[PDB]
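Consider the single chain below, provided in C-alpha cells and representing the form deposited in one PDB entry.
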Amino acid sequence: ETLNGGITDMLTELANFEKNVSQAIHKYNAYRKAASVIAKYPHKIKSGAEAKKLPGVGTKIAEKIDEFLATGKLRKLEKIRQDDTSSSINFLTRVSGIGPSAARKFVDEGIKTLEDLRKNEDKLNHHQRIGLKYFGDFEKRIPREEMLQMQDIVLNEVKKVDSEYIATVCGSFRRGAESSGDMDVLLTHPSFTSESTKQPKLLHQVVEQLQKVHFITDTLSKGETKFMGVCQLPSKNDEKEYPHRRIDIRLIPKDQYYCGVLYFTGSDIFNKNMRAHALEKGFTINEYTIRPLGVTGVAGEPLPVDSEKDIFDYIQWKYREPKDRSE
C-alpha cells in the first residue's frame, strides 16, 4: 500500500503503456499480475531477486526493479514520458469516444492536438464529435449542489410521464459525495420484468420527455435499455450558463431493481465486502440478483427483492445507508 508503492506504480506506468501505445496485451498483462502481486507482498522489496521469487515476476521485470531501486528512476519510463507519439496517444484518448486504437490511427494520420482534431472533425464519428465538442465540460467534476437540481428535474419529468416509474440516482451522489463525475439514473417499471418481453418505449418516453424540456441536449447512444447522453441545467437568468454533463439512464426489469441499485450505488469495496459476505451467509450476489447457495458446489434460485433491505436481511446484516457504504 505504501511499502511497495513506487514498484507497483512504475509497474502500472509500464503496463499501461504496452496496451495503449503498443498493442501488446500480453506484456501489458504481465506488468499487471506482477504489480498485482508485488502489491500483496508484506515486505519491503529490496532487490530484483527478492521480487523475482514471486510468481509473475521474471527476469525482465526484476531487472526493472533493480534500476528503479538503485536510482529513483527508470530509463524506459523516462524515454516513454518524453515520447511525443506516446504522449499524443495518451491525450487523444481523453476525448470521449477516442480509444487507443483510434488514438493510434489519428496520430498516424498526424492528429495529435485538440485543434488537429478540430480541423478534422470530419474523420470523427458522432460520439467523438460530441466528445470533442464538450471536452472541457466533460473533464469537470459535478458539484452536488447541481446534482441536486439535476436529480430534481429528472425525477419530475419521469413522474410526469408515467406515475408508475421508479428512478434512483445511483453513484457516489447516492452515497453522500461532494461531487460526482456524471449522473447515473437507474430506472424501472412495473410493467417490465425478467420475462414480459420488453417495452423499449419505456426508455424512450422518458428520454423524450427529458429532451422535450431541454435537459438532454445530445445523444451519445440510445438503445432499447441503455441511453447515454449530455444534459445541462437551464442556464438561469444569464451571465452564468451550465457546463454540459454526462448522463446515463438504464431500464431495469423491476424484478432486479434493488440488486442493481445496490450495486451501482457502491462503493466498489462495500460491494465486494458485502458480496464476500453473502457467500459465507450461503448466498450469491451480482448486479441483478441474489441466489441462495448449495453444497454440491453451487446453486441457483433467485430470491425476491423489494428493497435494498431484503438483500441486507438476506445476508442478515445491518442496513447500511448509502452514506456509509463507503467501504
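Numbers for residues come from their place in the sequence shown, where the first is 1.
Participant: Give yes or no for this: do at least a third of the other compared entries, each modelling residues before and after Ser180, lack coordinates for it?
Facilitator: That residue is present in all of the other compared entries.
Participant: For the other entries of this protein included in the comparison (both sides of the residue modelled), is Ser87 absent in a third of them or more?
Facilitator: No, none of the compared structures omit it.
Participant: Going by the B-factors listed in the PDB entry, is the mean over the C-alpha atoms higher for 112-120 or for 197-205?
Facilitator: Averaged over C-alpha atoms, the B-factors run higher in 197-205.
Participant: So, looking at the entry's B-factor column for Cα atoms, which has the higher mean, 213-221 or 67-75?
Facilitator: The recorded data point to 67-75.
Participant: According to the deposited entry, which of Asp162, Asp83, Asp137, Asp255 has the largest Cα B-factor?
Facilitator: Checking the PDB record, the top C-alpha B-factor among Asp162, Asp83, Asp137, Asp255 is at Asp83.
Participant: Pick out which of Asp182, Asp238, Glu157, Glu146 has the highest C-alpha B-factor in the PDB entry.
Facilitator: That would be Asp238, according to the entry.
Participant: State the tercile, meaning the lowest, middle or highest third, of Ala34 with respect to the CA B-factors recorded for its chain.
Facilitator: For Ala34, the deposited C-alpha B-factor lands in the lowest third.
Participant: Looking at the temperature factor on the CA atom of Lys60, which third of the chain's modelled residues does it land in?
Facilitator: Its C-alpha B-factor, which the entry lists for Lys60, ranks in the highest third among residues of this chain.
Participant: Taking the chain's C-alpha temperature factors as the reference, tell me which third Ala24 falls into: lowest, middle or highest.
Facilitator: Answer is middle: the recorded C-alpha B-factor places it there.
Participant: Among the modelled residues of its chain, does the C-alpha B-factor of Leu293 lie in the lowest, middle or highest third?
Facilitator: CA B-factor rank for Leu293: highest third.
Participant: If you rank every modelled residue in this chain by C-alpha B factor, which third holds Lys53: lowest, middle or highest?
Facilitator: It belongs to the middle third of the chain when residues are ordered by C-alpha B-factor.
There is another form of the same protein, the form deposited in another entry; it is not shown, and what comes next is about it.
Participant: Could you point out which of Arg144, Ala39, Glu164, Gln82 sits at the hinge of the rigid-part rotation between the shown form and the other one?
Facilitator: For the motion between the shown form and the other one, the hinge residue: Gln82.
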